[PDB]
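So you can see what is in the structure, the chains are spelled out below.
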Amino acid sequence: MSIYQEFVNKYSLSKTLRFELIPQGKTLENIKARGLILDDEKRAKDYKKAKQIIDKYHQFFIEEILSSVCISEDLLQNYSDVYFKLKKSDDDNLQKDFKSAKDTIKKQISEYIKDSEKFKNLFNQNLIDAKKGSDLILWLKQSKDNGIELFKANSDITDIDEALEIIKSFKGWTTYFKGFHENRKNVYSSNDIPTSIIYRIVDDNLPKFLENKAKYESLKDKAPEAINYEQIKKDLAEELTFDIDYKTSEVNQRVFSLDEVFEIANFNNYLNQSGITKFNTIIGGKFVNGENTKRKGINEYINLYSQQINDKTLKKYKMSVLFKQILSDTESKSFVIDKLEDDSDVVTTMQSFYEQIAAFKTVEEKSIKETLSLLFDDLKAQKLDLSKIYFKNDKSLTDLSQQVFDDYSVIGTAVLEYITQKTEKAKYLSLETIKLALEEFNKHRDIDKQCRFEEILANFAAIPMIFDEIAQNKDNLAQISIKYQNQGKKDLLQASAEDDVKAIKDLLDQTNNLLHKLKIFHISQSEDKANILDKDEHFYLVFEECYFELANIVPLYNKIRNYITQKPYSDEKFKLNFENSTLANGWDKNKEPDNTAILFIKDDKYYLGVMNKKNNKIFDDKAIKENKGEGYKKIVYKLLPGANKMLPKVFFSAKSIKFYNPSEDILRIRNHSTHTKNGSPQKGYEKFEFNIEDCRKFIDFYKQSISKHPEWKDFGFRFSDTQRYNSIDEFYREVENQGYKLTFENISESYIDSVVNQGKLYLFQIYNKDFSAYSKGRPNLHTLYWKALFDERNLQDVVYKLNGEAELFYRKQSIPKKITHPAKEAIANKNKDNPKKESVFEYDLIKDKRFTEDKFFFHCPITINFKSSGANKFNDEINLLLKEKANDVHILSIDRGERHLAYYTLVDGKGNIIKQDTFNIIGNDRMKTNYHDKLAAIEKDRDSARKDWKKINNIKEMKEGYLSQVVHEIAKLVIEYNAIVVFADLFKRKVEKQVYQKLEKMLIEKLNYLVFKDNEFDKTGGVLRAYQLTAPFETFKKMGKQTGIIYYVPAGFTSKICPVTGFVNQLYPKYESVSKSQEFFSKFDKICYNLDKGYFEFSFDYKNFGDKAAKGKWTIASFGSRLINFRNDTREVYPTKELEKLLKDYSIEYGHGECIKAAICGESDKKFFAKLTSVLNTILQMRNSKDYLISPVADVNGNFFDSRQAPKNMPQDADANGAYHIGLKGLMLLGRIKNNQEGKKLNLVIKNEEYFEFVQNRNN
RNA sequence: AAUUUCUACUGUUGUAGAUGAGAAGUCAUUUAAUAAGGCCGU
DNA sequence: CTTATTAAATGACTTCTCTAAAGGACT
DNA sequence: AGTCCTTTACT
Ligand SMILES: [Mg+2]
Ligand SMILES: [Mg+2]
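Residues numbered from 1 in each chain as written, not as in the entry; some residues may be left out. Chains lettered and ligands numbered in written order. Heavy atoms only, no water. Residues with missing side-chain atoms left out of burial classes, pairs and counts.

The PDB entry annotates chain A as CRISPR-associated endonuclease Cas12a of Francisella tularensis subsp. novicida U112. Looking at the header, the entry is titled "Crystal structure of FnCas12a in complex with pre-crRNA and 18nt target DNA". Comment text from UniProt for chain A, heading Subunit (literature references left out), reads "Might be a homodimer. Might be a monomer." (UniProt positions renumbered as here; feature names shortened; annotations may be inferred.)

Structure follows, in structure tokens:
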């Protein structure tokens, strides 16, 4: 039945399995007797510090390599001119002259870093363990003789002396870093990878500096006035200093002009993170301490000018920051608050503040509490001349009016009509002008609903009491302080103290808001002489003395926030090593002594055994011979990895090249690499074009050399005839496919048992809960995949292979063992629908039991579909099957809504809906859980938790362990209905959409290797014949619009559209003036009233209306109810009745059918057209929520679409109509796949007009 | 309320489904504080 | 609501490896 | 001349 019986074993992929190692017998006593666990704990803790130490030198190495770098200006100019040409031109002269302009600058930078002396040894044993003479140990000694303190920065390392001791630790362990070095090789690789400084510099930062140059020379034309240049040369003078101008090549250091920083040739001063910062600060500006105002930057000046002149085109020029330089550690040019290191720095800094604010005394020798009560009681008693005392015309004045009158613009517009009773905003506003303007404002306002000056004098009269709110709290605070006055405990961010953190923050909040209440009075000395004001000097004298002392809260608040929001340190798992720098690194028999790990099977149980470093001859052929018996089945593992490297390494080995004796012709082929089309020639030689005859000649040389090799003839290779090969990666493929064998040896239980006793071998049981004797019923997909690693039916035709480089980990207990539900005590079942309301267990149940002991773990890499390697043009094979089978395929489409995390409509080749249902509640889920609410409240809790400085819990596992459920319902749907899955790209234009994206990713990854736990191991769908229906994930950029049976369509006009007629609202009717209304409506064709039906009718054509992309003659009725959300909430509006209420206001007669078209556009009134363009917005508003979708346009029967009542083949509400119309764009996409012709390229871009034509005319 | 680990579970020393790991780097977002500004509050 | 700066946090994205045996250094 | 940790081979 299934159309995918053939999409199996399409390509190989990598996976890793995890198990628990249960130690066996005396291994655990023998381990700790050698204290191997505590020892590895410390060697992780050093390995971290070791790579930290190294990086400090890769840091020095990046910076000196890059101030040496220079890019030839006319090379940049070659990139720029070509880079913009890529925009608005698709030409392949361009693509070629761009990849050649990009590759030459990377070549220029890669040559530079490849020649330096530090580079050679950067990745070998001489970096830390120079055999005779070592690079890092010099650098640490240079930087100690220069007294430069590299490890002030990180707490875990004291001085440079300690950092020597830690590099010394890894004497014989240079290989242990090989993978780390891999991560560092990546930092410099010229290849097209984002981990590289060369990639960051050419792919990331150059474009961004070029976009800003285009935005700098295009800003000057449209808004010359935007940037106050003189002030940024006076504010940002530090980060305009550039020693070299690279357009002039002058070497003197002097402050640049912006015209110079945007010299394309000066991009060279922004290569390092120092100059990245400087460029970014010209963009962003900086704070300074002592300065109250913040020194602005280019991006702010663009912003402030565009809100001044009300031009929102200027936003197009917001400059882009440059990404930090890779591996760079960097502090900012803007001020950075001092940090707290422990609790004791939190109690001390609090005391000293709240003490001064109690101890401080004004000039007049009056406390902060007395100065304010005196000052404010005086205002409520109106003893103060109100012209003397002003408010700041600020967000602070706006906050006042909201707090006291419950609308912000109240004070604003009250003083704007009393002035008129051209004037600028005043910097400050007097209290008298406030009391008069609102005194006359309330004269016009209603007596019930009016805002009195006496409500303002309420707010402040009451300020003094905030200090008695604080005094009793600053006193139980004294209790809490004693608890944490401990010189480095740092045990206050431990979630147990969260009740005490709530107390400390309410102090800090009450004292913050009190500041934000006084703030409206303060007259900052921000140096403006443009205006001055004549205050009440006495009041301002002793106020502004108080205010400054309280202002010292905002640096206090940040420090405490910044220490209590810190996540507490957590003990994690660490690697285990059992004394081998190279442990489990390679399973092969010949490496068993170098890598210590061996596997065993006994009685369908799996074991891992790791010999003592001192006894690794334990399992040599001798010991396997005199200890053959029927106990344990040792796996013996034979691999030939990477044939393309390994057959040349071994045949042409200086050791053994003479024995294999290649002819001077085969050497010819090797040195010039004629056997390959893009392979490397031997050093000293030049690469020659690929010669097929040479290619089979070489392959034959390999073939003879494999039978001459003593060991590799044991594999039993059955190659194709070398005249079948067209390329040498095909021979390598056979060598690798058949270079992997698993045999066994039976070993006396008595032998294993006495060797495990003596600590000669550490034996574990590889375990998950399916290897429980009690486990009946489906194993995890992972248990399947591992058991097949050794199944006889896997081993005749290998589809599951066992990768080298497996790891073992220790995990210390993390929560106390608590017996959450005692044994034989019934426990109630959470499922209200279960038959058993409770259930009793003969045994104890312990919550999170896996975490109440220490455990050992085994991570194991495997390779799937081992033999059938790779798939190019995968989509092309999918598309091929789909064309031929396109009558049979169904479209599953999946949309997101506001109500729905995800929704699905299954539609057939016609357009009928087979299934439609939500995913807010799964299955078949015996415990209905509306996950839309579960996540909703888990997300609220987090925003709530961020604000009270409580711990921020993870949402991703909740979300993932949820989509895991729907991708299971999506696999079942696709295989059963022979479907393709169609999603929305991302009309329709961040947390509800990442649960939608997260679904797509777990579905692409699950369609990579789909196994039905139920299908027979031997046949398609099962362990050996697993469905592959998606091409492997690489980049979202490389992936594009299709990845297998998954497709993406443009998502426009899927929400708002009629399912039955295809109508869409593109009129976009808005009102601005009477003339455009009286001009829009006339553009109609007919506006009549239907008598026999009882609504209004607006017949028209779209083309006549202004926008040109508009095709179709439609008739749109006011039939039905409708919804609209107002602030008093939503109300039911009948527009058919709302129009009757408007015509009879303005005397138009409608009750006999006469077309009213002419009457409306003749009338002058603004109100008349305002409710009419409104009742038109409601006539066309198809989605109505508080939820359902309604349609004005009749079908042939003259009926109108309502989601409340629709057949099963049509949507049930606007959300399913969303996904239904994604599936209609899929039905379109199916089309172009069926009617695709051979040799051609599929087109997968739907334009809105080919869509409209297809949804509009399908029904009609 | 048990887990290689995650979710929901009682599915009975576990049930269903999911599960590519280690290292490395980078980016985006949220919330808070702050600076200057906009508008038919939030 | 914007444009910015600092801090603390969670999350998501692109790189590399998933080896046996040659080869050399200390012994 | 044996042990065993480090590079090696290519693309
Ligand atoms: Mg199970
Ligand atoms: Mg749980």
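From this point, the discussion proceeds with the structure in view.
(A) Summary view of the overall build of chain A. For chain A, the helix and strand inventory stands at 45 helices and 28 strands. If one aligns the C-alpha atoms of chain A with their principal axes, the spans along those axes are about 110 × 90 × 85 Å. (Helix = DSSP H or I, 4+ residues; strand = E, 2+ residues; numbered from the N terminus.)

(B) Structural view of the protein's contact with DNA strand C. As a matter of local geometry, DNA strand C sits amid 58 residues, with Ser 332, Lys 567, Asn 590, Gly 804 and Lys 1001 nearest to it. Protein-proximal atoms of DNA strand C, defined as those within 4 Å of the protein, fall in sugar or phosphate at a share of 86%. Residue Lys 801 places a side-chain N or O atom 2.9 Å away from a phosphate oxygen belonging to DNA strand C. Contact distances for DNA strand C include 3.0 Å between a phosphate oxygen and a side-chain N or O atom of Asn 954. Going through the elements one at a time, α8 (178-188), α13 (298-308), β9 (628-639), α26 (643-651) and α37 (994-1008) are the ones with two or more residues in the surface near DNA strand C. Ranked by residue count, the leading element in the surface near DNA strand C is α13, at four residues. (Near = heavy atom within 4 Å. Polar contact = N/O pair within 3.5 Å; in protein donor to acceptor, adjacent residues only side chain to side chain.)

(C) Summary view of the sheet that holds strand β24 (residues 1113-1117). Spatial ordering of the open sheet is given by β22-β23-β24, a layout of three strands whose pairing is antiparallel. Each edge of the sheet is formed by a strand with only one pairing partner; in this case those strands are β22 (1086-1090) and β24. Direction aside, neighbouring strands of the sheet carry axes that sit 20 degrees apart on average. (Pairing = 2+ DSSP bridges. Axes fitted to C-alpha atoms, helices over the stretch in contact; angles between N-to-C directions.)

(D) Focus on the state of the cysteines. Applying the stated rule across the entire model yields one disulfide. The disulfide partner of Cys 1088 is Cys 1155, and the S-S distance across this bridge is 2.0 Å. Linking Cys 1088 and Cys 1155, the disulfide has an S-S dihedral of approximately -105 degrees and is accordingly described as left-handed. Accessibility expressed as a relative area gives 22% for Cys 1088, which makes it partly exposed. Look at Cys 1155 and you get partly exposed, because its relative accessible area is 39%. The closest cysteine sulfur to the non-disulfide-bonded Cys 1161 is located on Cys 1155, 12 Å from its own sulfur. (Disulfide = S-S within 2.5 Å. Buried < 20%, exposed > 50% of the residue type's maximum accessible area, 1.4 Å probe, protein only.)

(E) The arrangement of the protein's contact with DNA strand D in detail. The environment of DNA strand D is made up of 17 residues, and the closest members are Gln 125, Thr 174, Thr 175, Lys 645 and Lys 649. The separation between a phosphate oxygen of DNA strand D and a polar main-chain atom of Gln 125 is 2.3 Å. The contact in question runs from a phosphate oxygen of DNA strand D to an N or O atom on the side chain of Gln 682, over 3.1 Å. Taken together, the residues that form the surface near DNA strand D break down as two nonpolar, ten polar and five charged. (Nonpolar A, V, L, I, M, F, W, Y, C, P; charged D, E, K, R; others polar.)

(F) Expanded view of the sheet that holds strand β19 (residues 913-918). Pairing is mixed across the open sheet formed by five strands, whose spatial order is β19-β18-β17-β20-β21. In this open sheet, the two strands that pair with only one neighbour each are β19 and β21 (1046-1049). Strand-to-strand twist of the sheet, defined as the mean angle between neighbouring strand axes without regard to direction, takes the value 20 degrees. In the packing of α37 onto the sheet, the strands contacted are β17 (890-895), β20 (979-984) and β21, and the crossing angle to β20 comes to about 150 degrees. (Contact = heavy atoms within 4.5 Å.)

(G) Here's a closer look at helix α19 (residues 453-461). Within α19, the full set of buried residues consists of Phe 453, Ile 456, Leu 457, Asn 459, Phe 460 and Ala 461. Where α19 is buried, its residues contact α15 (368-380), β4 (390-392), α16 (395-405), α17 (409-420), α18 (431-444) and α22 (498-518).

(H) Summary view of the packing of aromatic side chains. With the rule as written, the count across this model stands at 109 aromatic pairs. Judged by centre distance (5.3 Å) and plane angle (65 degrees), the ring pair of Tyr 83 and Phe 84 falls under edge-to-face. Under the relative-accessibility criterion, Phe 84 is labelled partly exposed at 27%. Look at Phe 1084 and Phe 1105: their rings are 5.4 Å apart centre to centre, the planes differ by 90 degrees, and that puts the pair in the edge-to-face class. Taken as a pair, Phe 1084 in the loop between α39 (1074-1080) and β22 and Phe 1105 in the loop between β23 (1095-1101) and β24 lie far apart in primary sequence, 21 residues in all. Judged on exposure class, the residue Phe 1084 and its partner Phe 1105 are both buried. Above the ring of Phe 1017, the side-chain terminus of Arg 793 is found at 3.8 Å from the ring centroid. The ring of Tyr 1251 has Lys 1225 lying over it, and the distance from NZ or CZ to the ring centre is 4.6 Å. (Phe/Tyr/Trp six-rings, centres within 6.5 Å; stacked < 30°, edge-to-face > 60°. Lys NZ or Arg CZ within 6 Å of the ring centre and 35° of its normal.)

(I) Examining unusual backbone geometry more closely. Here the amide bond leading from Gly 923 into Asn 924 is cis, since omega sits at 5 degrees, within 30 degrees of zero. One non-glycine residue, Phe 578, lies in the positive phi region at around 35 degrees. At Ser 1147, a position not held by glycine, the phi torsion is positive, near 70 degrees. Within the element layout of this structure, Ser 1147 appears in the loop between α40 (1135-1143) and α41 (1157-1160).

(J) Looking closely at α18. Its 14 residues place the ends of α18 21 Å apart at the C-alpha level, agreeing with the 20 Å of an ideal helix rising 1.5 Å per residue. Among all positions of α18, only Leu 431, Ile 434, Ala 437, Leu 438, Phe 441 and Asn 442 are buried. The buried side chains of α18 occupy one side of the element, clustering within an arc of 135 degrees when seen end-on. Residues of α18 that are buried sit in contact with α15, β4, α16, α17, β5 (428-430) and α19. (Expected span 1.5 Å × (residues − 1). Arc of directions from axis to C-beta.)

(K) Up close: the pairing of β22. Bridging between β22 and β23 involves five bridges; their strand directions are antiparallel. By the bridge assignment for β23, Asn 1090 is matched with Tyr 1095. Here β22 folds back onto β23, and the loop between the two strands holds four residues, one of which, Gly 1094, carries a positive phi near 90 degrees.

(L) Highlighting the environment of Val 982. Structurally, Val 982 is set in strand β20. Separated by 90 residues in sequence, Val 982 and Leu 892 have C-alpha atoms that sit 6.3 Å apart. Excluding its chain neighbours within four sequence positions, the residues that come into contact with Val 982 are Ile 891, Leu 892, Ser 893, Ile 894, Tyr 1047, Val 1049, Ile 1222 and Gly 1226.

(M) Geometry of the environment of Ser 430. Relative to the elements of secondary structure, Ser 430 occurs in strand β5. Separated by 105 residues in sequence, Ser 430 and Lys 535 have C-alpha atoms that sit 9.2 Å apart.

(N) Quick peek at the side chain of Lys 959. Mapped onto the secondary structure, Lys 959 falls in helix α36 (residues 956-977). Put simply, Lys 959 is tucked away with no salt bridge, and the nearest opposite charge, on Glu 939, sits 5.3 Å away. Engagement of the side chain of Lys 959 in a polar contact is seen with the side chain of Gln 994, the distance being 3.4 Å. (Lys, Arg positive; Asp, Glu negative; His and termini not counted. Salt bridge = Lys/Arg side-chain N within 4 Å of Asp/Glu carboxyl O.)

(O) The arrangement of the pattern of salt bridges in detail. Applying the stated criterion to the full structure yields 75 salt bridges. Here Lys 638 ties to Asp 588 by a salt bridge, and the two come within 3.3 Å at their closest N and O atoms. With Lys 638 in strand β9 and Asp 588 in the loop between β6 (574-575) and β7 (597-602), the pair connects residues that are 50 residues apart, well separated along the chain. With a relative accessible area of 14%, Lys 638 lands in the buried category. Salt bridges sharing common partners tie together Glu 20, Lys 817, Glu 853 and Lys 855.

(P) Highlighting the pairing of strand β18 (residues 903-907). With five of five residues buried, β18 is to be regarded as a mostly interior element. Note that β17 and β18 share five bridges and pair antiparallel. When the bridges of β18 are listed, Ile 894 appears paired with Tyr 904. Alignment of β18 against β19, held across five bridges, turns out to be antiparallel. Within β19, the residue paired with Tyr 904 across the bridge is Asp 917.

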